[PDB]
Amino acid sequence: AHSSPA
Amino acid sequence: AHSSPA
Amino acid sequence: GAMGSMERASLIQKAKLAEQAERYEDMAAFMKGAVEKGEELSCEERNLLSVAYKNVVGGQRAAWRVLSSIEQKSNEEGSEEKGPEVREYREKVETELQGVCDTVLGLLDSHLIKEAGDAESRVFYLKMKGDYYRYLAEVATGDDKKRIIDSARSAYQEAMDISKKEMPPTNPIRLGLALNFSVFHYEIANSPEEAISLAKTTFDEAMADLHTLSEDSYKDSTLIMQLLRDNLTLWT
Amino acid sequence: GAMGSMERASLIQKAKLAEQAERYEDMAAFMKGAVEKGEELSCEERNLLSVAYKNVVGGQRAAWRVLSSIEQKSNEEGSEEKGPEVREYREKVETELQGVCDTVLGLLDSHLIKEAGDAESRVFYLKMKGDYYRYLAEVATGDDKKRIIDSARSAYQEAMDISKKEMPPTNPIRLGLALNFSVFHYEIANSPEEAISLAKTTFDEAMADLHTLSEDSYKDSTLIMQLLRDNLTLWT
Ligand SMILES: [Cl-]
Ligand SMILES: [Cl-]
Ligand SMILES: [Mg+2]
Ligand SMILES: [Mg+2]
Ligand code: NA
Ligand code: NA
């Protein structure tokens, strides 16, 4: 799953 | 320029 | 600390140079030094801190996953014994990963969170606390796995409560928090339905608020909304 | 050394694991530990040593180039002064890069080269000596730049002399040596005509020997020949 990018 | 790959 | 003799502004300048050079370990050390000056961080500086440690721990997590997969295969039936080396090296990477997470959590506890009064800073730091406990949870296996999971949950929950009261549903910090809390539910907490519900409600409430945004803010918000959609497509 | 307590075979095993995990600093430390056991290296082990340090120094060189470019721009006319930080950080990366090159050169001098009697091992190590002096030359600016350049040239030349006498023109070590010596001529020694001549003669003599090779050796040789061709296309 994708988590938040900086 | 390209040098040798390992 | 090795950065104690360097000016705060010079540390920030060098963090930005390290980012351009893709020297993320250096970047993290510079930003740790900046935090330890004791002043609060601006929005841009918080982003630099997050970028640096995200990239450091990201490489460690990717390496840990490779090694864990090799180790699991070595423990199947018919697998020829190869000795302690796979476990040893996986443990080495794991310990270094845990050290980085502990470092970040230590900066948050001493004393970024307690000084953060504005919603934007407090939510950012509490989200980071949840994220780094989540990374600890990814590798946890012993008696304290449950407590690590609950520490991540508690931080995310406090951040969610503040963000819902103080931020619009399109705020990129709020969106990224909800995205990551949903990943926590799916991958850590064995709660796929909660993960799906959170992603869908977050997406729908942001959609309804996009009309209030400028073109630039619209781009920022929709980028994170697409990640929620991508996860929903993976999970359903 | 921190690897002194680990078995040679365990160090080699962990170097291979580190490669799979893209943990090249770990890989280099493992292979340094293996070299320091004092036994000669097999062909596969030499490759592991080369892969590890190539990737470590490769990241350092890429970072140094980014920082050097920023530093050069800061020294143009009309550029606003930003203080010592760019130079300081470029020097930091440069010093770490030089340290890695010195480490590799130290392993070659103590005592890989002197024990290497077969053409394949001796040429490999002398090529590596030329390569790491070349990386030192890329960042050298003081009184000893000329001596660093001549050290690279001398190592490459000894390797070339052995390779031409003892190896077929399609040997991948011989080909990669000639490729790298040609890059040295073009980028370090200000000798573009020598670089072009070497690349063209190397390519043509390999072409004439391909008919002697198996399919697998043919693939190995043509891969490096394509890099010679790519450089010739860039340079002409
Ligand atoms: Cl280990
Ligand atoms: Cl520095
Ligand atoms: Mg068997
Ligand atoms: Mg001006
Ligand atoms: Na073993
Ligand atoms: Na400055």
# chains A, B, ... in the order shown; residues from 1 in each chain; ligands from 1
call {"tool": "interface_residues", "arguments": {"of": "chain C", "to": "chain D", "cutoff": "9 Å", "atoms": "only C-alpha atoms", "output": "ChimeraX atom specification"}}
result
/C:10-11,13-14,17-18,20-23,59-60,62-67,70,83-86,89
call {"tool": "select_by_dssp", "arguments": {"residues": "region 3-236 of chain D", "states": "helix (DSSP H, G or I)", "output": "ChimeraX atom specification"}}
result
/D:8-20,24-35,43-74,85-115,119-139,145-166,172-188,192-207,210-212,215-235
call {"tool": "atom_distance", "arguments": {"atom1": "CA of residue 147 (chain D)", "atom2": "CA of residue 189 (chain D)"}}
result
11.8 Å
call {"tool": "residues_around", "arguments": {"residues": "residue 202 (chain C)", "least_positions_apart": "5", "cutoff": "12 Å", "atoms": "only C-alpha atoms", "output": "ChimeraX atom specification"}}
result
/C:160,163-164,168-172,174-182,194-197,207-209,221-222,224-229,232
call {"tool": "closest_atom_pairs", "arguments": {"of": "chain A", "to": "chain C", "cutoff": "6 Å", "atoms": "only C-alpha atoms", "output": "tab-separated table"}}
result
residue	atom	partner	partner_atom	distance
A:1	CA	C:231	CA	5.7
A:3	CA	C:180	CA	5.3
A:4	CA	C:176	CA	5.0
A:6	CA	C:51	CA	5.1
call {"tool": "write_last_selection", "arguments": {"atoms": "N, CA, C and O atoms", "output": "PDB file, in the first residue's frame"}}
result
ATOM      1  N   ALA A   1       0.829  -1.200   0.000  1.00  0.00           N
ATOM      2  CA  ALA A   1       0.000   0.000   0.000  1.00  0.00           C
ATOM      3  C   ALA A   1       0.865   1.251   0.000  1.00  0.00           C
ATOM      4  O   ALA A   1       1.997   1.238   0.484  1.00  0.00           O
ATOM      5  N   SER A   3       1.924   4.929   1.225  1.00  0.00           N
ATOM      6  CA  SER A   3       1.830   5.838   2.364  1.00  0.00           C
ATOM      7  C   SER A   3       2.230   7.232   1.883  1.00  0.00           C
ATOM      8  O   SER A   3       2.610   7.412   0.718  1.00  0.00           O
ATOM      9  N   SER A   4       2.135   8.218   2.766  1.00  0.00           N
ATOM     10  CA  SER A   4       2.235   9.612   2.355  1.00  0.00           C
ATOM     11  C   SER A   4       3.642   9.951   1.876  1.00  0.00           C
ATOM     12  O   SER A   4       4.621   9.497   2.465  1.00  0.00           O
ATOM     13  N   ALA A   6       7.000  12.710   1.167  1.00  0.00           N
ATOM     14  CA  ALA A   6       7.457  13.714   2.135  1.00  0.00           C
ATOM     15  C   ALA A   6       7.042  15.545   0.463  1.00  0.00           C
ATOM     16  O   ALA A   6       6.794  15.112  -0.649  1.00  0.00           O
TER      17      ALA A   6
END
call {"tool": "residues_near_ligand", "arguments": {"ligand": "ligand 4", "cutoff": "12 Å", "atoms": "only C-alpha atoms and all ligand atoms", "output": "ChimeraX atom specification"}}
result
/D:74,76-82
call {"tool": "write_last_selection", "arguments": {"atoms": "N, CA, C and O atoms", "output": "PDB file, in the first residue's frame"}}
result
ATOM      1  N   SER D  74      28.040  29.293  -7.381  1.00  0.00           N
ATOM      2  CA  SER D  74      28.158  30.286  -6.321  1.00  0.00           C
ATOM      3  C   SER D  74      29.351  31.208  -6.525  1.00  0.00           C
ATOM      4  O   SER D  74      29.411  32.272  -5.900  1.00  0.00           O
ATOM      5  N   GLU D  76      30.260  32.466  -9.569  1.00  0.00           N
ATOM      6  CA  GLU D  76      30.097  33.263 -10.773  1.00  0.00           C
ATOM      7  C   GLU D  76      29.857  34.728 -10.409  1.00  0.00           C
ATOM      8  O   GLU D  76      29.656  35.085  -9.245  1.00  0.00           O
ATOM      9  N   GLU D  77      29.879  35.582 -11.428  1.00  0.00           N
ATOM     10  CA  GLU D  77      29.588  36.995 -11.232  1.00  0.00           C
ATOM     11  C   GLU D  77      28.089  37.197 -11.055  1.00  0.00           C
ATOM     12  O   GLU D  77      27.277  36.604 -11.772  1.00  0.00           O
ATOM     13  N   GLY D  78      27.726  38.039 -10.089  1.00  0.00           N
ATOM     14  CA  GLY D  78      26.337  38.272  -9.760  1.00  0.00           C
ATOM     15  C   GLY D  78      25.743  37.283  -8.783  1.00  0.00           C
ATOM     16  O   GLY D  78      24.582  37.451  -8.386  1.00  0.00           O
ATOM     17  N   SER D  79      26.496  36.262  -8.382  1.00  0.00           N
ATOM     18  CA  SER D  79      26.000  35.272  -7.439  1.00  0.00           C
ATOM     19  C   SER D  79      26.069  35.830  -6.023  1.00  0.00           C
ATOM     20  O   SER D  79      27.124  36.293  -5.579  1.00  0.00           O
ATOM     21  N   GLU D  80      24.943  35.786  -5.318  1.00  0.00           N
ATOM     22  CA  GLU D  80      24.887  36.298  -3.957  1.00  0.00           C
ATOM     23  C   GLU D  80      25.683  35.388  -3.028  1.00  0.00           C
ATOM     24  O   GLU D  80      25.549  34.161  -3.078  1.00  0.00           O
ATOM     25  N   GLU D  81      26.520  35.990  -2.187  1.00  0.00           N
ATOM     26  CA  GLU D  81      27.342  35.220  -1.262  1.00  0.00           C
ATOM     27  C   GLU D  81      26.461  34.483  -0.262  1.00  0.00           C
ATOM     28  O   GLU D  81      25.530  35.060   0.309  1.00  0.00           O
ATOM     29  N   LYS D  82      26.767  33.204  -0.044  1.00  0.00           N
ATOM     30  CA  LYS D  82      25.999  32.362   0.862  1.00  0.00           C
ATOM     31  C   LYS D  82      26.823  31.821   2.022  1.00  0.00           C
ATOM     32  O   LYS D  82      26.294  31.042   2.825  1.00  0.00           O
TER      33      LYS D  82
END
call {"tool": "residues_around", "arguments": {"residues": "region 4-7 of chain D", "least_positions_apart": "2", "cutoff": "9 Å", "atoms": "only C-alpha atoms", "output": "short mmCIF file (atom, residue, chain, number, x, y, z; two decimals) with N, CA, C and O atoms, in the first residue's frame"}}
result
data_model
loop_
_atom_site.label_atom_id
_atom_site.label_comp_id
_atom_site.auth_asym_id
_atom_site.auth_seq_id
_atom_site.Cartn_x
_atom_site.Cartn_y
_atom_site.Cartn_z
N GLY D 1 40.09 -4.84 13.26
CA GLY D 1 38.91 -4.61 12.38
C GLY D 1 37.66 -5.23 12.95
O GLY D 1 37.72 -6.31 13.55
N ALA D 2 36.52 -4.56 12.76
CA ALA D 2 35.26 -5.04 13.32
C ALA D 2 34.84 -6.37 12.73
O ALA D 2 34.00 -7.06 13.32
N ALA D 9 34.01 -17.28 5.24
CA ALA D 9 32.86 -17.71 4.44
C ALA D 9 31.60 -16.96 4.84
O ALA D 9 30.75 -16.67 3.99
N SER D 10 31.45 -16.64 6.12
CA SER D 10 30.29 -15.88 6.57
C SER D 10 30.32 -14.46 6.03
O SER D 10 29.28 -13.89 5.69
N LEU D 11 31.51 -13.86 5.95
CA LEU D 11 31.64 -12.53 5.37
C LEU D 11 31.23 -12.54 3.90
O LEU D 11 30.52 -11.64 3.44
N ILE D 12 31.67 -13.56 3.15
CA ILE D 12 31.29 -13.66 1.74
C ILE D 12 29.79 -13.86 1.61
O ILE D 12 29.13 -13.23 0.77
N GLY D 33 36.61 -7.06 5.17
CA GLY D 33 36.92 -8.06 6.17
C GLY D 33 37.41 -9.36 5.56
O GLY D 33 38.33 -9.99 6.07
N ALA D 34 36.79 -9.78 4.45
CA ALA D 34 37.23 -11.00 3.79
C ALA D 34 38.65 -10.86 3.24
O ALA D 34 39.48 -11.76 3.41
N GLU D 36 40.97 -8.98 4.37
CA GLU D 36 41.91 -8.91 5.48
C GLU D 36 42.15 -10.26 6.14
O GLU D 36 43.05 -10.36 6.97
N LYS D 37 41.40 -11.30 5.77
CA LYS D 37 41.75 -12.65 6.23
C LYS D 37 43.08 -13.11 5.65
O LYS D 37 43.68 -14.04 6.19
#
call {"tool": "atom_distance", "arguments": {"atom1": "CA of residue 188 (chain D)", "atom2": "CA of residue 148 (chain D)"}}
result
10.3 Å
call {"tool": "closest_residue", "arguments": {"among": "D:75, D:214, D:35, D:87", "to": "ligand 6", "atoms": "only C-alpha atoms and all ligand atoms"}}
result
D:87
call {"tool": "atom_distance", "arguments": {"atom1": "CA of residue 150 (chain D)", "atom2": "CA of residue 127 (chain D)"}}
result
13.9 Å
